[PDB]
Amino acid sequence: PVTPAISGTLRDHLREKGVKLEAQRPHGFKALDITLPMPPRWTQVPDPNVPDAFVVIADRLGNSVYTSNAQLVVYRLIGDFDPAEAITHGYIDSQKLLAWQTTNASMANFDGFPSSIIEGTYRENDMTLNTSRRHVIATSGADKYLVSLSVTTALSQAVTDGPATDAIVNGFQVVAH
């Protein structure tokens, strides 16, 4: 219904189109009011060494060799560009991943904004993970942002961590302020 690009990650696309990416952080950030459901037993991981993290949350008290988590990254975008084109690269970062296998995919808008989402399984560390990656390109005032969310879990924990993941993925929200 919308045709996807094949070459070039969303970030790479933006770089090339001249756009410039400033990572944001939550304290002091107010351009955009983003809800990130915190399911029960789940806590903000401080010091997550995830590069440009806005926030990371996780279920540490749960088990498995892999900790169920959600990562949220927010870049302010500097340069004129066209969101709808950008979004069409929304799937590529996920699809490059080793053994990627799609369960769901959509370029429908999210909370009024151009957005990609893709879900599926891939391999990391001789292990199979199940993840959900949404990118959304929000405008507040004269400013534009890339907001990216990943929700990940061992495949064996899908279902069992199910309500935690639904709640984040489906209750996730992004509003201008």
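For every residue, the number given is its place in the sequence shown, counted from 1.
- The mean C-alpha temperature factor is higher for 49-57 when 49-57 and 114-122 are set side by side.
- Averaged over CA atoms, B-factors in the entry run higher in 74-82 than in the other of 74-82 and 87-95.
- Reading the B-factor column for the CA atoms of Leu21, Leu155, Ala167, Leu10 in the entry, the top value corresponds to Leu21.
- Of the candidates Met127, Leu149, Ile137, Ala108, the one whose C-alpha carries the top B factor in the deposited record is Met127.
- Per the PDB record, residue ranking by Cα B-factor puts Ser64 in the highest third of the chain.
- Per-chain ranking of the deposited C-alpha B factor places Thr43 in the highest third.
- Annotation for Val174: CA B-factor lies in the middle third of the chain's modelled residues.
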